[PDB]
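There is one chain below, alone, in structure tokens, taken in the form deposited in one PDB entry.
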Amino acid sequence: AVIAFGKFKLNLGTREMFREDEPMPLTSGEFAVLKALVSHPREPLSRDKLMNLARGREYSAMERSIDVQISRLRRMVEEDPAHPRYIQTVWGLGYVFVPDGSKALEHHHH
């Protein structure tokens, strides 16, 4: 259904998005990687899993399509793209979506 965060609400069902209840279009590629991030609150997503999730392809350290797509999303979702609040970078792993009053997930192991 609908997911809110900041001034935005995003309808995973229909790919509609609104800022302060005003429609704002998302391209298909933007919905895809935006959804994957949001579908998985607080879960750090590798570029692998993100490329798998959004486009059904395999990724590589060659490519920057994710990072560019992420950049375009931040400029249209983060108040400041420079210091992002919702679409955060986890260094050396990828990107994460953190809701308000939340911190990204840390994994425990054995």
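Rigid core here is just the name for the largest C-alpha set that superposes within 1.5 Å across the two forms. Shifts are known only where both forms have a C-alpha. From 1 onward, residues are counted along the sequence shown.
Between 82 to 90 and 14 to 22, it is 14 to 22 that carries the larger average Cα temperature factor according to the deposited entry. Higher mean CA B-factor, judged across 29 to 37 and 43 to 51 from the recorded values: 43 to 51. Among all modelled residues in its chain, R72 ranks in the lowest third by Cα B-factor.
The next section is about a form of this same protein that is not shown, the form deposited in another entry.
Relative to the superposed core, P84 shifts its CA atom by 2 Å or more between this form and the one not shown. Remark: with the core as the superposition reference, the CA shift of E43 between this form and the one not shown stays below 2 Å. Core-aligned CA deviation for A54 between this form and the one not shown: less than 2 Å. CA of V90 to CA of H40: farther apart by 3 Å or more in the other form than in the shown form. Compared with the form shown here, the Cα atoms of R55 and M62 move at least 3 Å closer together in the other form. For residues common to both forms, superposing the rigid core between this form and the one not shown reveals a single consecutive run of 3 or more with all Cα shifts of 2 angstroms or more, at 57 to 101.
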